[PDB]
Structures are given as C-alpha cells and as structure tokens.
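A look at the structure
What follows is the residue order along each chain.
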Amino acid sequence: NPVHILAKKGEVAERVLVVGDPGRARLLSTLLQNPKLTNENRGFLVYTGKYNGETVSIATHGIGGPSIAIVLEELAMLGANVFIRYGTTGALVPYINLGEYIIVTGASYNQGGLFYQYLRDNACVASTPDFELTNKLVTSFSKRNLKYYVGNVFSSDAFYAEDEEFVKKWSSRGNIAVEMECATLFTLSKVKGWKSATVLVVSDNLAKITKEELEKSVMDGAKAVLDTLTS
Amino acid sequence: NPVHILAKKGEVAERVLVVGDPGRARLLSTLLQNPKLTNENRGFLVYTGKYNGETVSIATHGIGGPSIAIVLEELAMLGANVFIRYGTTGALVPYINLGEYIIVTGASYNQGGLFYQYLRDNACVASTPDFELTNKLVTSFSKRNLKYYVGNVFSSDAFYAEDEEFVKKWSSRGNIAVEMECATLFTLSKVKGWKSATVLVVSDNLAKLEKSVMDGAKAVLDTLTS
Amino acid sequence: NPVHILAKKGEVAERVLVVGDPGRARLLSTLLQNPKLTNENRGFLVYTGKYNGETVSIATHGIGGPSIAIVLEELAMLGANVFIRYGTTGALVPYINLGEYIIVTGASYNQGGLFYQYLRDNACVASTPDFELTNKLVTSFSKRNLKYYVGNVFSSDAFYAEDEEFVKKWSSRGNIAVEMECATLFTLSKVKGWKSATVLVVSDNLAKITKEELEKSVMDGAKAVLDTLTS
Amino acid sequence: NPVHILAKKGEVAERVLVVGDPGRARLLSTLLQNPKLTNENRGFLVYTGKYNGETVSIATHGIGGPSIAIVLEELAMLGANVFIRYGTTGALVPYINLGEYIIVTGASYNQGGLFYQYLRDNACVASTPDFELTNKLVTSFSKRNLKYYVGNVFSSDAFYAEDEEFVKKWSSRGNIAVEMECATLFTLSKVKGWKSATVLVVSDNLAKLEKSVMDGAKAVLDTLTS
Amino acid sequence: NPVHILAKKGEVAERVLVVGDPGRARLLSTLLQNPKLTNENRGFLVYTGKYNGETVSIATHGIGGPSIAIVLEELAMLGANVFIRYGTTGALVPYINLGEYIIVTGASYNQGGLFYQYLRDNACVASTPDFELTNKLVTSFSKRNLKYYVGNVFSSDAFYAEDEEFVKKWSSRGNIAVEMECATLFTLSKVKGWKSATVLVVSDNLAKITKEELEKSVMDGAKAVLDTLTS
Amino acid sequence: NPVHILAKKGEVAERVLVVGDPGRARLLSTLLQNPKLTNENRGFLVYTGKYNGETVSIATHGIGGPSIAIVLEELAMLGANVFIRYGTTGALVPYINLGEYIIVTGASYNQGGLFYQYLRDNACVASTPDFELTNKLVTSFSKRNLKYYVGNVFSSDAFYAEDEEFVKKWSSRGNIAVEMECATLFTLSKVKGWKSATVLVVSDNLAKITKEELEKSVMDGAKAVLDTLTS
Ligand SMILES: CSC[C@H]1O[C@@H](n2cnc3c(N)ncnc32)[C@H](O)[C@@H]1O
Ligand SMILES: CSC[C@H]1O[C@@H](n2cnc3c(N)ncnc32)[C@H](O)[C@@H]1O
Ligand SMILES: CSC[C@H]1O[C@@H](n2cnc3c(N)ncnc32)[C@H](O)[C@@H]1O
Ligand SMILES: CSC[C@H]1O[C@@H](n2cnc3c(N)ncnc32)[C@H](O)[C@@H]1O
Ligand SMILES: CSC[C@H]1O[C@@H](n2cnc3c(N)ncnc32)[C@H](O)[C@@H]1O
Ligand SMILES: CSC[C@H]1O[C@@H](n2cnc3c(N)ncnc32)[C@H](O)[C@@H]1O
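- For this coordinate set, the PDB header names X-ray crystallography as the determination method and states a resolution of 2.0 Å.

1. Regarding the UniProt feature "binding site: phosphate" in chain A
- UniProt feature "binding site: phosphate": in the numbering of this structure it lies at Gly20(A), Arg24(A), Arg42(A), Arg85(A), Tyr86(A), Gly87(A) and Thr88(A).
- Position of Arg42(A) among the secondary structure elements: in the loop between β2 (33-39) and β3 (46-51).
- We classify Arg42(A) as partly exposed; its relative accessible area is 21%.
- Residue contacts for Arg42(A): discarding those within four places in its chain leaves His4(A), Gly20(B), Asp21(B), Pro22(B), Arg24(B), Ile63(B) and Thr88(B).

2. Overview of the site of ligand 1
- Surveying the vicinity of ligand 1 reveals 15 residues, the closest of which are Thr88(A), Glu162(A), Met180(A), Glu181(A) and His4(B).
- At ligand 1, the nearby residues belong to more than one chain, namely chains A and B.
- In this structure, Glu162(A) approaches ligand 1 through a side-chain N or O atom, which is 3.0 Å from a nitrogen atom.
- In this structure, a nitrogen atom belonging to ligand 1 sits 3.1 Å away from a side-chain N or O atom of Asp204(A).
- Surface burial for ligand 1 is 94%, taken as the share of its 440 Å² of free accessible area covered by protein chains.
- By residue number, the principal contributor to the shell around ligand 1 is strand β5 (residues 82-91) of chain A, which donates four residues.

3. Observations concerning the site of ligand 6
- In the neighbourhood of ligand 6, 17 residues make up the surrounding shell, with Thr88(F), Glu162(F), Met180(F), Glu181(F) and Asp204(F) lying closest.
- Those residues lying near ligand 6 are distributed over chains E and F.
- For ligand 6, an oxygen atom lies 2.7 Å from a polar atom in the side chain of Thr88(F).
- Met180(F) places a polar main-chain atom, nitrogen or oxygen, 2.9 Å from an oxygen atom of ligand 6.
- Within the complex, the protein chains bury 92% of what would otherwise be the 440 Å² of accessible surface of ligand 6.
- Looking at the shell around ligand 6, the elements with two or more residues in it are β5 (82-91), β8 (175-179) and β9 (195-205) of chain F.
- If one sorts the elements of the shell around ligand 6 by residue count, β5(F) sits on top with four residues.
- A class-by-class count of the residues in the shell around ligand 6 yields six nonpolar, five polar and six charged.

4. Some thoughts on the relation of the copies chain E and chain F
- When chain E is fitted to chain F, the residual RMSD is 0.0 Å, and the transformation amounts to a turn of 180° plus an axial shift of 0.0 Å. The two molecules are tied by a two-fold rotation axis, judged by turn and shift. Identified as the residue of chain E closest to the rotation axis by C-alpha distance is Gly112(E), at 1.6 Å.
- Here 100% of the interface residues in chain E have copies in chain F that are interface residues too; the copies meet face to matching face.

5. Some words on the UniProt feature "binding site: a purine D-ribonucleoside" in chain A
- Annotation from UniProt places "binding site: a purine D-ribonucleoside" at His4(A), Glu162(A), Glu179(A), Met180(A), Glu181(A), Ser203(A) and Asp204(A). The greatest C-alpha distance among the residues just named is 30.9 Å, and with 201 residues of sequence between them they are spread in space as well.
- Note that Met180(A) resides in the loop between β8 (175-179) and α6 (182-192).
- When sequence neighbours within four positions are dropped, the list of residues in contact with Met180(A) reads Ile63(A), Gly64(A), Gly65(A), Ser155(A), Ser156(A), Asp157(A), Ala158(A), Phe159(A), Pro66(B) and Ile70(B).

6. Here's the deal with the interface of chain E and chain F
- In this complex, chain E contributes 39 residues to the contact, which on the side of chain F involves 39 residues.
- When the two sides are added together, the surface that chain E and chain F hide from each other amounts to roughly 2,900 Å², 61% of it contributed by carbon and sulfur.
- On the chain E side of the interface with chain F, the three residues burying the most area are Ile63(E), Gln117(E) and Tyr160(E), jointly 26% of the side's total.
- Summed over the shared surface of chain E and chain F, the number is zero salt bridges.
- Inspection of the chain E/chain F interface yields six residue pairs in polar contact.
- Elements represented by at least two residues in the side of chain E that touches chain F include exactly α1 (22-29), α2 (65-77) and α3 (113-119) of chain E.
- The biggest single contributor to the side of chain E that touches chain F is α2(E), with seven residues.
- Tallied by class, the residues present in the side of chain E that touches chain F amount to 18 nonpolar, 14 polar and seven charged.

7. Overview of the packing of aromatic side chains
Residue and element names in this part refer to chain E.
- As enumerated under the stated definition, the model contains 46 aromatic pairs over all chains in all.
- Seen in terms of ring centroids, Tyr95 and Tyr149 are 5.7 Å apart; in terms of plane orientation they differ by 50°. Their pairing is tilted. Taken as a pair, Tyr95 in the loop between β5 (82-91) and β6 (101-108) and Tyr149 in strand β7 (residues 148-155) lie far apart in primary sequence, 54 residues in all.
- Accessibility expressed as a relative area gives 48% for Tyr95, which makes it partly exposed.
- Judged by its relative accessible area of 22%, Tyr149 is partly exposed.

Conventions adopted
Here the residue numbering is sequential from 1 along each chain as its sequence is written and may not follow the entry numbering; residues with no coordinates are omitted from view. Chain labels run from A onward and ligand labels from 1 onward, assigned in the order the entries are written. Note that the side-chain values use all heavy atoms of the structure and ignore hydrogens as well as water. UniProt positions are given in the numbering used here, feature names are shortened, and annotations may be inferred rather than shown by experiment. What counts as a helix is a DSSP run of H or I of at least four residues, what counts as a strand is a run of E of at least two, and both are numbered from the N terminus. Accessible area is worked out with a 1.4 Å probe on protein chains only. A residue is then buried under 20% of its type maximum, exposed over 50%, and partly exposed in between. Whether two residues touch is decided by their heavy atoms; if any such pair falls within 4.5 Å, the residues are in contact. By convention in these notes, a residue is near a molecule or strand provided one of its non-hydrogen atoms lies within 4 Å of it. Side-chain atoms alone can form a polar contact between residues adjacent in sequence; in general such a contact is a pair of N or O atoms within 3.5 Å, and within protein one must be able to donate a hydrogen while the other accepts it. Surface exposure here means Shrake-Rupley accessible area, sampled with a 1.4 Å probe, where a residue is shielded only by the protein chains that are shown. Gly counts as polar in this scheme, as do all residues outside two lists: the nonpolar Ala, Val, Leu, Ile, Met, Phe, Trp, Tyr, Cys and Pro, and the charged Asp, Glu, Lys and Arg. Note on alignment: the copies are superposed with a least-squares fit restricted to their C-alpha atoms. By definition, the buried area sums, over both parts, the 1.4 Å-probe accessible area that each loses when the two are put together. Note on definitions: salt bridges are taken to be side-chain nitrogens of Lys or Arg within 4 Å of carboxyl oxygens of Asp or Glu. Two aromatic rings, drawn from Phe, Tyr or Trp (for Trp, its six-membered ring), form a pair once their centres lie within 6.5 Å of each other, and the interplanar angle then sorts them: stacked below 30 degrees, edge-to-face above 60, tilted otherwise.

Here it is in structure tokens:
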C-alpha cells in the first residue's frame, strides 16, 4: 500500500495530469467538473473529476527525479497508467520567448543514482515519451493556436549548479530547455509500460517570469493538455 | 533570489530543523513560542518562532536529493547555516525496533546525478555531518533517556527499486538504515560550509509513532538551541 | 577534404538515404531517375539521381557506429544535411513478424568510446531522430499501407555478444529491436544540426529471413522512404 | 552461421591478412598464386590463394571496432585463427615519415561499447598482440631492410573527433600512432584464442604510398606463411 | 593462513596500533612493557607487549591501500579486531600547523581498483571510523592538552600527483588533510566488522618538517593513542 | 626532493632491479660486487654496487601500486631510468608450475584511483613494458636454460579479494598470472619515459611453495635478470 499518496483505490483515474507545484494542481482543478481532493498527504495534493466524458486526475509530484518516481509508482499502484507532465522550464535557445510552450520529444540526463538503482547498470536507455500521445498533444496545441516548440530537454538534478558553460554544453547537444523530472518520467514509464508525455511553459531563458503571466500561460495551455488526455 | 521559498529578509532563522513532510513541520511548530508561517510556496512550509527563548525555524524539504538541495540552497540564501534533519527511516538490521531513533554518522550513496553536477567528477567525497553537532544530539537524546542507535545510512534515490538483495548489500557495508536525503545534506553542507546533522525515527524495518516524533523533537530542538 | 568518400563536391545531394550494405545501395539506385555512381572508394558506394523533382543520394555506411560516423561526417562535408537510414534489425518482441517495418523513435546505447570522444563526458544525451521527419515517414508508410511499428531500438556495438539475457534486458527497457548504428546517427545529427530518421526491416526475431524476401520488403518500403525524403 | 561473410566450408584459410579497404585486398591478392574470390557479400572481399606454396587468405574488415569484430568472428567460424592486420595510421610523433611502418606492441582505448558487451564490465584488459608473431614481423621487416618503428597505438572510435589536445594526450601516454581497430583485434583475439599482430603504413602525421603498401605486404605475407 | 605477516597466532593482540613506517613501529614499541618482535617478514615489523595491564601490538602497514588491506586482513586472521592508525599527513588548510594532530572523522577517495574488488561495484560507501573509539581518542588528546583538529581527509593513491589544483579541489570538498590509507582502513573495517580510528601528525602543509620535530610530536601523542587503545 | 627514499644522488644507479620484499633485496645484493646500503628509510632497502663492469642498484618497492609509484618516482629523481621488476606471482593457468618464471608482456587492471590521478581520466592506456628490454630478458632466460612463459598478467589491488570466479574471469581474458604492481610500473614508465620490464617467479597456482624452493628459483634466475640489466 502506497505510503506517500494516501488516496483510496478507485480515487485515482487511469489518466493523470502531473504538475510539480501543489498550488498549480489546485488552480488547474477548477478546469474539471465536480473536482474532489483525493489526497493531501505529505503535501502531494491529488484532485479527481471529469473533463469531457472522461474521468481524470491532477496530481502533485514535487521537485526532482526521486520525488516524481515515488508519486508515479504510487499513482500507478492506484490505477494510473497514462501521465502527462505539465511544468515550467528554462529555455536554452535565444529564439524561444517566456510564456511560450515546449512539447518534449526526449530527455538527456547524467547517469547514476536513480537510473542505476532501476536499470541496474550505466546503460544510456532512450528516455523518450509515448510517440502517439506526444503527437496528439502537438495536434491539440496546434488547434488552439498556441506557440510551441518540439524538442529534447536536459533533466538536471542540481538546480543550483547550472552555470554559463552549462548552457552552451546542453544547447550544443540538441537540447532546447532544462527541467528536472522528464528523464525519470520517460524512463520509468518505458520500464513500467505507462504512456507518458510532457508539455512545458518557458518560465525563464538561460540564453538571455511573473507569477501572474505564468498562470495565464498555464491556464491557456492546460486546456490543450486536458483535451489530449481525454482524447 | 529564492524562487521556491518566498520568504522575506530576516524571516528565516540561522538554525533550522528540516523535515520532509509539511504536516510534520506544522505539527512541530506547535512546540514553538509564537510560531509564524513565513512560507508556503510550492507546499514547502517554513515556520519561525522561539524555543528556550531562542529563534529557530522548522522547514519542509520534500523528498529526495534534488528537492532538499534546492531547499537548503534557498534557506541558506535567506540566512540559514545550521541544519538538523529530523526524518523517518527504514532499519536495515533486525535489532532495531520501530519508534526508536538513529543518529546518523555518515551516508553511503550511488554516484551520479546531483553529486556529479556539484562535484564536477565522480570522486567519493566523505558524506558526513558536523562532528560537534552530532555529539550534542547524542547528548541531548541520552539525557532524555531515549533509545537511539549511532550509525551510517544509505541514501537511496529510488524508493521503489530497493529490492531483495538490497538489505544484505547495504547492511553488510556498515549501514543500519535507508533514507533519501542525508548524503545530499551532508555533502552540500561540507561544500557550502553549513553545520549539519541528522536524527531519524525508525518507521519500518526492512529486515523484519507521532508519539515518537514528538518525544524526540524536544531533544532535537534542545540541541539546535544550545 | 574527405579521405573515405571521394566524391566531387556537388556530387552529393542535401538529402541522403543511407544503407549499410553496398549491394542494397546498388539495388535501390534503380528507383532513382538517371542514377550515377559518385563514389566507390573503400567500398562505400554512393549513387546520386532524381526522385520526383528532387535530387537525392543513396550512400553506403558500412557496419557500426565508427563507420557510419565517418561516412555521415564526410557526406555532410560534401553538402548533405538530411539523412534517413534504411536498414535491417532483429526484433525483441514476439508480436513483430519478419519483413514488417519499424520506424525508430529513439536509440538506447552503452556509453563510452565514440560517444565519449564526441560528447567529452559520460552524459546520457537523448539520442532521438528529427521529430518532423519521423512523422512524415510514418505518414508515408501509412499511405502505402505498410505494416510498421513505432518504437525505440538498442544500438549494439557487439553483434556476437547478444545472448538470451540480452533480449529480456532490452525488451524490458522499452526497446522493440536491436540494430547497430541508430544511436550514432541520432546523437551525431543532434550535435551537428542534421535532420535524421530511420526505418528498419525486421530481418530476424530474437524472441523466437531469406535474401529474396528481404529485398521484397526492402523495395516495397524504400518507395515510402524516397517519397518522404523528397517530400 | 556467418551472415556477412558468406563463404563455403574450406574457402577461408587458417592464416589471414586483414585490411580495412576492399581495394587493398584486391590489390594484394595479385601477390598470391591463383587467387580466388571466396566472398563479396556486403562489400567485404575475401581472397584465398598461395604464397610460398602456402594457403592463405586476405580479407576486408571495414572501419572501426564493431565492423572488425563481426568479420573476425565470422572468419574464425570459417576456420581462421591467425590474423595479421595491415593498415594505415596517423603518426603521433614528429620523427616518423609517411610511408614508413609501425609494428604494433599494444593498443590504448576508451572504455565502453564493444568492450563492455564482451568483457561484461569496464576493466582495462591488456590489449596486446601475440608475442611470437609480433617478433617474427619485426624479423621479416628488418630482413627486407624496411624502415619500421615498434610501439603502442591508440585505437580511436571517432575519426572526426580527434581534436587538438589529442596528439599531446596520446603521445604523452606512450602511443606513437592512431588507428581504429587494433584494440578490438587484440582483445577479442586474447579472449577467443586467436594469434594476432599488426603492422601499419604511416599515411599521415598528426604532429606535422601504394609503393609502401606493396613493399611491406611481402614481409607480412612472409611472416604469415612461415 | 597469512603469507606476508608470519606471526604465530596468539602473538598478535586484539588491539593493534598501526603505522606505515617500520621505524616508527620500533620507536613506539619503546613505550610498551617487555616488547617482543613477533614478525619481520617483508619488512612488516610487528611488536607485541603490554601497556596499562593490557596486551597491545604495534604493526607496520607500509604505504597505500593495497598494502594496508593485506596487513589488516592478516592481523585479523591472527586475532586482531581493533585498529588505530597513527600516521602522518599533509594539511590542506592554512591554519593547521606542522606537528599538530588531526583526528579523522571520514575519508574521501577516488573510485577504483581496491574498492571495486571488495565492494563489487562503484557505490560510494561511507568510509568512516568507529564512532565510540573516535570520541575516545578526542577525549584522550584533550586530557593531554594536545592541539588537535577534527575533520575528513582525502586518501590519495598517487603521492606525486598532488598539484596546485589538487589542494583547492579537496579542501573545498571539506577535507582538511591528505594521506593514503584511511579510506581503505575505514571501509574494510566496516565490511569485516573491525573497530577502527585514526589520528595523524601534520608533517607538511600543502596550503602554505624535520624528522626530529616529527618524532617529538609522534611520541608526545603516542601516549594518548595507547591510552585510548587500552582504555 | 624524495621524502621516502633518503639516498643521496649519485648513490642510485641508472639501472635498477626492483623487488617488493626488502629481504629479497638483501639476498640479491649478495650477487653484486661491493654492495653498499644506500637507503633504509621506511624499510625501503636500496643497495648499490657493480655487476659485469656496470653500476646497478637493487631496490625495495613494497606492496601495491601506490607504494611502487612512490619508489619509482623517487628513484627517478635520484637518477634511475631503467627498471626491471623481479617479483612473485600466482599462476592463473594449470600448466605453469611452481618455481618457473613468467616474463610479462602486458598488465590488465581495474580502473580507478592511482590511474585516474595520473592519467586524469579513465582511458585504458596500454600498460606494456619496453619492447627491446623485454626481448632481452627472454634471450637471457633462454641462454640460461630456464623454464619461462611469456604472457599478460592482472595487477590486482586487493590480494584477499581473489576468489573462484576471479581465476576463470582473468584467465579467460588472456592473463596467465596475478600480481600487484606491474600495471603501475608499465603505465607510469610510459608516462615518465622510463624503460621497464618484469619477470616473475611462480609462488602459487590459483588454477590448481616454501620460501626455500622460492629462493632457489629467485637466485637461479637472478643472474639472467642482472645480465639483462647490464647487457
Ligand atoms: C524554478 S522551479 C524548478 C522546477 O521547475 C522546473 N524548472 C524551471 N526552470 C528551470 C531551470 N532553469 N532549471 C531547472 N529546472 C527548471 C523543474 O522541473 C523544477 O521542478
Ligand atoms: C515512508 S515516506 C519516505 C520518506 O521517509 C524516508 N524513508 C522512510 N523509510 C524509508 C525506506 N524504507 N526507504 C527509503 N526512504 C525511507 C525518506 O527519506 C523519504 O523522504
Ligand atoms: C545481420 S547484418 C548486421 C547489420 O544489420 C543490422 N542488424 C540486423 N539484425 C541485427 C541483430 N540481431 N543484432 C544487431 N544488429 C542487427 C545492424 O545495424 C548491422 O549493420
Ligand atoms: C585514412 S582512412 C582511415 C582508416 O585507416 C586508419 N587511419 C589512418 N590514419 C588515421 C588517423 N589519422 N586517425 C584514425 N584512423 C586512421 C583507420 O584504422 C581507418 O580504418
Ligand atoms: C611524506 S610521508 C608519506 C606517508 O604519510 C602520509 N602523507 C604525509 N604527507 C602526505 C602528502 N602530502 N600527500 C599524501 N600522503 C601524505 C601518507 O599516508 C604516506 O604513507
Ligand atoms: C604472496 S606474495 C604477494 C606479493 O607477490 C605478488 N603475488 C604472488 N602471488 C599472488 C597472488 N595469488 N595474488 C596477488 N598477488 C600475488 C604480489 O605482487 C605481492 O606484492
């Protein structure tokens, strides 16, 4: 039985939208029909409701690979199998402006720790999202005429260890943004058989945001994410 | 400036009791005189008040190395420099009963990620707490006649990977418990110049409550305010 | 000046279809209009011609990451910037039959050697193909009603070091097939700014082909690849 | 059975002269008595004939470790067990002139890929050629009054990565040349029980022809048929 | 059956004071009652005698992890289970002066050989001394009014590969000194179940001595060490 | 300025015969003309004298890579540039008998510490002896009708971590024996420009001896070694 997410079985939907910040989970729940808080233990708020004719949940995953791994595992134990992460990111290329969106196609990461414990060796396993789901997401964002970019991101483990060199290094490796939990999400999903994808809102540009404008972009895009999730 | 812990100048004390669970931070704040909630952004609760007429703070660090690193870095930017983690752990030896305490003397860990980004290579830097502060914790606990054990712990990055062969491997390596953030706390502290220590409440035994948390929080607070 | 591919400048098209076997390069050239052999040095046959209203080349890359890296680099030096690899692969899942196709979405690999020399450290850089190009490929194969599967593959460096354990290990890591040069192609392309993708013909199933049936599938699919390349 | 080198039973000799370039294999076959093309699949040309009235084969191995591993594995399945690589190399020291030869005594390499799959871990296994065969090569070359050098080489996996700092790093480590397949040849041979050696023609000097290849092929063939 | 230290069982005490220099072993045996030379094979001098109504041995461990690992293993086979390392060290910080002492709380080290062979993987096992025994040492040194510092050290494997960058790197990682065998002593003791500790005499300061001044400090603190060993 | 070997410059010869056991150094000095003890510090005995109208030193290097690295560095500072290791080894193959000799052609080793500190990365540098000098040894042993084998050895860092799996693993990797310092000697000699070689006496056979039989073999081949050193 899950020791972090204390929701009753059946209280978590098969389709889940995961966000790092609890407050955003609460804000996004207002987009659902008849939202109910199904868990608040350890600050990991989970809301379940309806969108279209489908049941869906919005869960908090906290910060970092170890945190999201725990939440995903327990949500799966509760019946979840489809996850779409909706978070913030720091752009690594100058042509992407704050507030715009990034649909992730892959995640780069430094090996070790979590990956070693799960994979049992240092192999560079392809950390990619579900192909179908990611395309559906692209379509959804395209229909709502939202400004987005398709590309790989680097999943950092040390937020406060990202100097200037850091930018040229990862941008030169085909990464257009940095975040912290996509690598874990994709790799764990591939191993567990879960279908996952991710959309990010550019909160800052490292090659060059207000809490209000963030929410404005968040809301405008969450609509595309929910349509996708329930498509 | 801090983008997660949105506290004002002078709202975070120099000495901080850090816990992973927001609920425990709240619960523990009731032991302080006139506790004030100085932050709730992203769910990371931080309280500040007095104990033994001394200013202190109790903060939430979430789960895992990446999370606690960010929290410690921001708390330090707001003025903190002494950290004592008070969490839960899974015993790796059969002779430790639930509800008892473990005063941590070191942390084993798997190389990679966070450590590589901070250390710039894969050397195994000694992950240890402040010598003096740890001895004070030992003193505070024994004075309170509490049942504690002193030993190293393994700081895991994958709670749900910790398999079968797990217990034997880590206990045969000198570790008596498993937790997830002591290695990050100790190493980052040694590197940034912070004084850190850790005491854990045994919540489960892999080889085989609130009363316990409350019972020892006093000893912890006594040490932080000495 | 390239020391392996001795084609004259302008003799290599911007769009290139790369195959491992020289014989297949020769066989596929019959699909082009007015094919001309532009290089035969070191056995790396390169043919250039037209398909639709676009100029396009078919090049031999040999076997392995080190070989394809050299060929791609020299072809790029000669003006190439778009590559689609069309090769054979060993399926890792029982539900994929010989002769069917696999459109690769990512490549897993063991770190070291080539990746270390190019990346300068052990970081697990996302080894993914161009998102747009790969979707175009999917569409092309769909229109011609070809049986294909979308997924990640493992790029092995040791053909004769792939035991039974090997299968369960990589199939459990989200890989549906094993090949030898996709990881190199994708990662080098991401670093150099080239647009690449890959389609494979299942030649064998490790969870369970004649030279004739191979060519039959090859031909039937190369038509979808060329349309994509010149789309 | 071999899926790349499609030769019949008894068409591949026990002793094989291996080269990366198909064109050189063809060229060298003219030095044999009644050479027959026993394979051309995937472009890997293999000839078999006599030299000094002795049966031998000249085979193409392509470029890089992964390619030569496959070729050696299949040649061995067809009966080969003695391999002498004859290729080109880039000198790492300024005192070696183009057209001269290097008899290889060992191969440095970066861990990973191919070696990990075969060795099952990242230990640095000594990558060396057969002691006896290498001394015979030395003897054959000196008898032919040819200018050769004896030393280790670095087997690179990325021809176009070999940067600036490159030359200084590898030459300061005891290597006098750079090539791409000696490490795979030597290690796999030690592991599979094959007798291998390597002689290289200097095609370029990073620190600063067919006549040369032909001139030394004789010494190589003399050694393979002794 | 030990092949390096040819001492007969019963001739090695449960408590052992280990030093790298055979000459220091002889000098220190002078502080014991009725010292007997129990082994001289391969130069590893071992003396056994009494101190404060307790049997104690002083053993030579040579230089480096491989050397000390062998000596500890063999002494343990002969009955030893408590070891206190008394060596010399190079200070990594400016404020520690020559002749002063360092009581070790942990040892950093570069991954590799010895550790990999014993631990069987590259995990960073906490290389720390026995808590009780170490606090005992601290108490003994205070009771003797000796100037000591308490901190971590870096156990180097290459004495002549300790340049300028070196000092800044390791001191910034929380180590106050450099020596060569503590990490091996601590880690092996944790695996084998032995109780170990270490106190070092500062012989040089890499941030900023004669063997005469050394022996004075060595002897000056030798009593504190032996008191701790027999306490 | 050496701090371990206190020999004065001019007292160490350009050619040095190195052994791990101080006792063997003394025994072998018996074969020199007018041997003089040039150093005894830290137990590292060094003798200097003549043999075949040539000055030669016999030096003790202790056990392990760290130990020998220190001794070689210091001897080199005092003028040495040619070293021949004469140690003992455990055979990994059945056909080599106790008392017979092995002339080393290369040394395998586990990555880590010492190598990382000197080389500055984990590259597998070819750890081989000087070609000319090694062929010289082979010739000397043949001229003396001594039974020898020529092959690679594995330089282990943990003597007591050599189990059953161990023997099969290393012998299958082409090594015929195990010892502890050849890889360090060869690699360091390549970096520093010294000319080194090694010949070992089989003292045990891990696949399937008294110090009396040992010394006989040691002395029996000592002349071959010294002849080579002064040839
Ligand atoms: C700024 S709050 C950090 C959180 O948002 C994402 N993030 C946004 N910007 C960045 C950045 N510049 N570096 C790393 N993570 C970032 C991460 O996934 C983490 O959970
Ligand atoms: C039980 S909630 C898990 C949290 O408590 C600690 N913990 C308690 N028991 C364990 C265990 N068995 N394994 C890993 N972490 C544990 C971790 O540091 C994490 O923040
Ligand atoms: C069978 S010929 C090997 C070539 O075809 C691909 N291949 C096909 N089947 C396999 C397999 N089972 N393992 C590895 N590579 C394979 C590789 O990319 C290599 O260039
Ligand atoms: C010049 S063609 C490259 C081929 O010859 C060898 N070679 C020649 N010169 C070099 C060089 N400078 N760097 C790497 N390999 C080289 C390689 O093993 C490869 O098969
Ligand atoms: C100079 S004495 C060398 C011995 O003392 C310790 N030591 C003293 N100073 C240093 C130093 N600067 N670097 C490394 N080890 C040192 C080591 O453990 C070694 O056995
Ligand atoms: C038993 S003598 C140990 C010494 O001789 C060599 N040696 C002899 N036998 C072995 C063995 N079985 N394993 C490792 N080293 C050995 C080592 O280099 C060490 O300095």
